[PDB]
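Here the structure comes first, spelled out in structure tokens, and everything after it is commentary.
When we count neighbours, we look across all protein chains shown, and the Cβ atoms used for this are built from the backbone with ideal geometry, even at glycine. Laboratory data are not the source of any read-out in this text; all were calculated from the coordinates shown.
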Amino acid sequence: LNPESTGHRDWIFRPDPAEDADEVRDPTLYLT
Amino acid sequence: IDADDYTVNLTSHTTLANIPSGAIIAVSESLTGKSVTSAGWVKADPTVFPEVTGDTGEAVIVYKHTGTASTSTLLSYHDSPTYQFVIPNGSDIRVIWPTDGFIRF
Amino acid sequence: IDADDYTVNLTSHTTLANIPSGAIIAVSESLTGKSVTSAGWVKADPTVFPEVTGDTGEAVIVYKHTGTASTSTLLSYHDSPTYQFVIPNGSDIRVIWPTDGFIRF
């Protein structure tokens, strides 16, 4: 009925996306 | 920066021209001495704002500089409440970073 | 990538020369449709590894290909809670990225 269907099938691999927090630190002002 | 003009958005403000022309209490020269650690923390040595007049802005901004408002682009915004307690005396005012960094790439 | 041949360390590793050279079940052909968004997401079209044979594989790693393994910088590691592994068997392997982008900047 369908020769091509009797071959291999691809593995589908689905990664979760990569992200990390917006980590940041604040400068301090001084009067002089 | 004066927060009474810049409503705090960095989600759709992206170029220097988006910062209101009335918001710039002070501007300072290029950061003298810089490095990036293996941990991706950017570091720089201290900076000063000259002869500052005006008061009560409550925030600080850092940007990539091209000399022109359309192509200079924003890198961070800061809001620590110690910015409520500078009231410039017509004076030098000085920016001291945390020793270990202030932005991670 | 085979995860028994590579315990990942997101801090100490920097280049393709750090990956234990036997952990590499297959080598990515170069990415295409490489695009970006104002949120800082990178996107690309799905990648195929053709006719793969090897041991069970559990992760994907992305790096800047520069010919010399000692200067090809690592840029991500990926797995999933549910797409936990692949059994190579002479089939093609297709890595299908999340449609809305797969690395944040």
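Identify, please: which residue in chain A is over 28 Å from B:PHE105 (Cα atoms) and small (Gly, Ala, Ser) and is, among those, farthest from the other protein chains (Cβ to nearest Cβ)?
Ranking the candidates gives A:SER5 first.
Which condition from (1) surrounded by 14 or more Cβ atoms within 10 Å (Cβ to Cβ); (2) in contact with an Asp or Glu (Cβ under 9 Å, 6 or more places away or on another chain) is the one that C:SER28 breaks?
Only one criterion is unmet by C:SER28, namely (2).
When you go through (1) out of contact with any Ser or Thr (no Cβ under 6 Å at 6 or more places or on another chain); (2) of a type outside the set (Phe, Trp, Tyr); (3) closer than 20 Å to B:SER12 by Cα one by one for B:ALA44, which number turns out not to apply?
For B:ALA44, the exception is condition (3).
Please go through region C:33-71 and give me each residue that is small (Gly, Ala, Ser) and under 19 Å from C:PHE105 (Cβ atoms), ordered by number.
Step one: list which residues in region C:33-71 are small (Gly, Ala, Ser), which gives C:33, C:35, C:38-40, C:44, C:54, C:57, C:59, C:67, C:69-70.
Once the filter is applied, which keeps residues that are small (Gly, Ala, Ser) and under 19 Å from C:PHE105 (Cβ atoms), region C:33-71 yields C:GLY33, C:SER35, C:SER38, C:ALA39, C:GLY40, C:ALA44.
So, in region B:1-41, how many residues would count as being more than 14 Å from chain C (Cβ to nearest Cβ), within 28 Å of C:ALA39 (Cα to Cα) and hydrophobic (A, V, I, L, M, F, W, C)?
10
Since B:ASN89 meets every condition but one in (1) free of Cβ contacts under 8 Å to residues at least 60 places away in the same chain; (2) within 14 Å of the chain's Cα centre (by Cα), which condition does it not meet?
(2)
C:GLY33 - would you say it is exposed (fewer than 15 other Cβ atoms within 10 Å of the Cβ) and either among the small types (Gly, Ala, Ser) or touching a residue at least 24 places away in the same chain (Cβ under 8 Å) (or both)?
yes
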